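The structure appears below as structure tokens.
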Amino acid sequence: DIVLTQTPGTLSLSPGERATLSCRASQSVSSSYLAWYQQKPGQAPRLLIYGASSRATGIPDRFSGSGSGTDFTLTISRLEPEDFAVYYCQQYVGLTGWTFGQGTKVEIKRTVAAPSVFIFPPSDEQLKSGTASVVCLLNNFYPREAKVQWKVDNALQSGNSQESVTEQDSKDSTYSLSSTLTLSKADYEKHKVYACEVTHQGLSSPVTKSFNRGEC
Amino acid sequence: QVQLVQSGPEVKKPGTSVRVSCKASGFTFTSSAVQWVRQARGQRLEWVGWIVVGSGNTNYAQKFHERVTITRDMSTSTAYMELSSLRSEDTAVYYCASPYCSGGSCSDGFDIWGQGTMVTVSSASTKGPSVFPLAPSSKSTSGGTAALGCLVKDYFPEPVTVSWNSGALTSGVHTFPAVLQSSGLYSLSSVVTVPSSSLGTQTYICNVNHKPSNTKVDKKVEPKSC
């Protein structure tokens, strides 16, 4: 089957800037069978371009498509706030075998914003039920890249934490992130000092939030 | 208006079949076509197949040709995707799409999209969440801002709904995407940042609803003085 590979993976651009998105096909695709779609979080795809360069009905002038064979380009001449989204190319050669690229996320670039960091020991209620979740919260930071490391009695933890991240905020263009350390009640009660260490571009040195088990 | 409306979310055990419907209104469905495309969270769009409404002629992707059927009922302007022998890898949002048509004339591409149908395939059994407070303290107070929340742990299936103060508190709320645990159950935290000076005069209650397990929890999050 035809494989479509999009580049780059993420474009971080200021509103008003030009966006150039690349779609490479593993096999020569006729210009007549290449489409581009826009997709926002929690929404269905939206058709932008059909036949490589034709705008779908009502699509703004700032969206244009170029190319043929193995190399296609989507241009957004001047990014509006509503244009920050994931963009997919699709080949629809023949009656079957249609495939999509992996997508390019066009993300809002804003100034560096250090996260505020908050730590939550396990609740008395949860410990009663036999589990211990320690939650570390990073609030309203940019860029997305953040290292969140768990230290239990100064020992770096591996394979016992999960991260979850919000979609980029529509109004302040920041992210928020949870890191949750999950232990058995038994394992939690063996150690004293629980620390969340945050590394981020907005922090000149890592920020540690920590507590001693049972103090609060 | 011009729309495709899909059936509600589906939760299925391995080996079963799911049927998703796609109802057209506001355009000439008889002139049109319906394709089905799926998307697993944080993964690329995957094409399933399509049907031409007039003829009922179908074309399926290689991956699905032995276990998918696409049909349409022209009288009800509805198309269906039936996917059989479901496996965990079939967990995704399934979308239908059509070219807009007005009489005989149609758009070249698929420009009308359904809202999507969440399909979960898992061996996991329905379980209500445990709701634990994330209490504000000196360890969750940065400058003049306090963070507080609720840990919504070990439930199946998606989704849970989380509100704060019966929907009165929305500014500063972060309800994190659920993480699928090794157990096959989901967990998430819902947090809110607030002015630290509010903790003494404003009550904070997280309202957690999980319809499949008949779970309704209203957890008051009590500030710690340490």
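No hydrogens, no waters, no symmetry mates; every other heavy atom, side chains included, goes into these values. Proteins come first, then strands; the chains are lettered A, B, ... in the order of their sequence lines, and each starts at number 1.
Between A/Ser133 and A/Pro122 there is no side-chain heavy-atom pair separated by less than 4.5 Å. Between B/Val191 and A/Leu137, some side-chain heavy-atom pair lies under the 4.5 Å cut-off. Within the 4.5 Å cutoff, the side chain of A/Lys109 has heavy atoms near those of the A/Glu17 side chain. Between B/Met81 and B/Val48, the closest side-chain pair of non-hydrogen atoms falls below 4.5 Å. Between A/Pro115 and A/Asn140, the closest side-chain pair of non-hydrogen atoms is not below 4.5 Å. Here the side chains of B/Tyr204 and B/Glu222 are not in contact, with every heavy-atom distance at 4.5 Å or above. Within the 4.5 Å cutoff, side-chain heavy atoms of A/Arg144 are placed close to those of A/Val165. When side chains are defined from C-beta on, B/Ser98 counts as touching B/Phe27, because their heavy atoms get closer than 4.5 Å.
Atom CD of A/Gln102 sits about 6.0 Å away from atom OG1 of A/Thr5, to the nearest 0.5 Å. To the nearest 0.5 Å, atoms CD (A/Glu197) and OG (A/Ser205) are separated by 9.5 Å. In this structure, the separation between OH on A/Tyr87 and CH2 on A/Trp36 is 10.5 Å, given to the nearest 0.5 Å. A distance of 9.5 Å separates CZ in A/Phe118 from CG in A/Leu138, rounded to the nearest 0.5 Å. For the atom pair CZ (B/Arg67) and CG (B/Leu83), the distance works out to 4.5 Å, reported to the nearest 0.5 Å. Once rounded to the nearest 0.5 Å, the distance linking CZ of A/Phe141 with CG of A/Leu177 reads 4.5 Å.
Counting only distance, with no hydrogens or angles, the side chain of A/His200 and the backbone of A/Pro206 share no donor-acceptor pair below 3.5 Å. Using modelled atom types, no side-chain atom of B/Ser142 and backbone atom of B/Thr145 make a donor-acceptor pair closer than 3.5 Å. Put simply, the side chain of B/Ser137 never gets that close to the backbone of B/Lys224: no donor and acceptor are under 3.5 Å apart. Checked by atom type and distance alone, the side chain of A/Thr180 never pairs as donor or acceptor with a backbone atom of A/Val135 at under 3.5 Å. When atom types are taken as modelled, the side chain of B/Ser196 and the backbone of B/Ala146 share no donor-acceptor pair closer than 3.5 angstrom. Of the possible polar contacts, one joining the B/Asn165 side chain to the B/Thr203 backbone as a donor-acceptor pair under 3.5 Å is found. With hydrogens and angles ignored, the 3.5 Å screen pairs a side-chain donor or acceptor of B/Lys127 with a backbone N or O of B/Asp154. A donor-acceptor pair under 3.5 Å links the side-chain atoms of B/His65 to the main chain of B/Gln62, judged by distance alone. At distances below 3.5 Å, at least one donor-acceptor pair connects side-chain atoms of B/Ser183 with backbone N or O atoms of B/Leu185. Within the 3.5 Å criterion, the main-chain N or O of B/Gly116 finds a donor-acceptor partner in the side chain of B/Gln6.
When the shell of 6.0 Å around NZ of B/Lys13 is examined, it contains more than 12 heavy atoms from other residues, nucleotides or ligands. Around NZ of A/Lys105, the count of heavy atoms belonging to other residues, nucleotides or ligands within 6.0 Å exceeds 12. More than 12 heavy-atom neighbours from other residues, nucleotides or ligands sit within 6.0 angstrom of CD on A/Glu82. Around NZ of B/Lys216, the count of heavy atoms belonging to other residues, nucleotides or ligands within 6.0 Å does not exceed 12.
Remark: aromatic rings of B/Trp47 and B/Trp36 are distant, center separation not under 6.0 Å. Taking the ring centroids of A/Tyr194 and A/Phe211, they lie under the 6.0 Å cut-off. For A/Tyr50 and A/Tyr92, the distance between ring centers is not under 6.0 angstrom.
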Subject >> Stepwise salt bridge (charged side-chain N to carboxylate O under 4.0 Å, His left out) check, A/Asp61 with A/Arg55 >> reply: CA-CA 8 Å; A/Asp61 197 58; A/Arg55 291 181 188 80; 3.4 Å; yes

Original post:
Step by step, would you call B/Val221 with B/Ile205 a side chain to side chain contact (heavy atoms under 4.5 Å, CB included)?
Top reply: CA-CA 6 Å; B/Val221 182; B/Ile205 303 172; over 6 Å; no

**OP:** Would you please test B/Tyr95 and B/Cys22 for side chain to side chain contact (heavy atoms under 4.5 Å, CB included) and show each step?
**Re:** CA-CA 9 Å; B/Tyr95 294 100; B/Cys22 180; over 6 Å; no

Subject >> Chi angles and distances behind the side chain to side chain contact (heavy atoms under 4.5 Å, CB included) call for B/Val192, B/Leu148 >> reply: CA-CA 6 Å; B/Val192 59; B/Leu148 58 103; 3.5 Å; yes

**OP:** Please lay out, stage by stage, how A/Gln39 and B/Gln39 fare under the test side chain to side chain donor-acceptor pair (under 3.5 Å).
**Re:** CA-CA 11 Å; A/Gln39 192 184 25; B/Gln39 189 174 44; 2.8 Å; yes

**OP:** Walk me through it: do B/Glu46 and B/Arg44 pass the test salt bridge (charged side-chain N to carboxylate O under 4.0 Å, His left out)?
**Re:** CA-CA 6 Å; B/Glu46 187 169 24; B/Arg44 71 164 89 199; over 6 Å; no

**OP:** Just do the side chain to side chain donor-acceptor pair (under 3.5 Å) check on A/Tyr37 and A/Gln90 with the steps written out, would you?
**Re:** CA-CA 8 Å; A/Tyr37 302 84; A/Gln90 186 207 199; 2.8 Å; yes

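Closest of all the heavy-atom pairs between A/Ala19 and A/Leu11 is CB-CD1, 4.4 Å. Here the closest non-hydrogen pair linking B/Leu188 and B/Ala178 is CB-CA, 3.9 Å. The two atoms that bring A/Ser179 and A/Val148 nearest to each other are CB-CG1, 3.6 Å, heavy atoms only. Nearest heavy atom pair, residue B/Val131 against residue B/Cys150, reads CG1-CB, 4.2 Å. Annotation for A/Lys40 and A/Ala85: closest pair CG-CB, 3.9 Å, computed over non-hydrogen atoms. Summarising the geometry of B/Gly49 relative to B/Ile70, their closest heavy-atom pair is C-CD1, 3.5 Å, with the distance given to 0.1 Å.
Between A/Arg62 and A/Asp83, at least one side-chain N (NZ, or NE/NH1/NH2) sits under 4.0 Å from a carboxylate O, which counts as a salt bridge. Salt-bridge check for A/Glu125 with B/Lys219: passed, with a basic side-chain N closer than 4.0 Å to an acidic carboxylate O. We find that B/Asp90 and B/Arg38 are joined by a salt bridge, their nearest charged nitrogen and carboxylate oxygen being less than 4.0 Å apart.
A cation-pi arrangement is found for B/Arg19 relative to B/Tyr80, the charged atom lying closer than 6.0 Å to the ring centre and inside a 45° cone about the ring normal.
For the side-chain contact (heavy atoms from CB on, under 4.5 Å) with B/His210, the qualifying choice from B/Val217, B/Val152, B/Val160 is B/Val160, the only one to do so.
For the residue pair B/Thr215 / B/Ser213, a side-chain donor-acceptor distance below 3.5 Å is found, with atom types taken as modelled. A donor-acceptor contact closer than 3.5 angstrom is absent between the side chains of A/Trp150 and A/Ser158. A donor-acceptor pair shorter than 3.5 Å can be found between the side chains of A/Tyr142 and A/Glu107.
The aromatic rings of B/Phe176 and B/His174 sit tilted relative to each other, their planes meeting at an angle between 30° and 60°. Taking the six-membered ring where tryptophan is involved, the planes of A/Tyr88 and A/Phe100 are perpendicular, since the angle between them exceeds 60° and thus also 30°.
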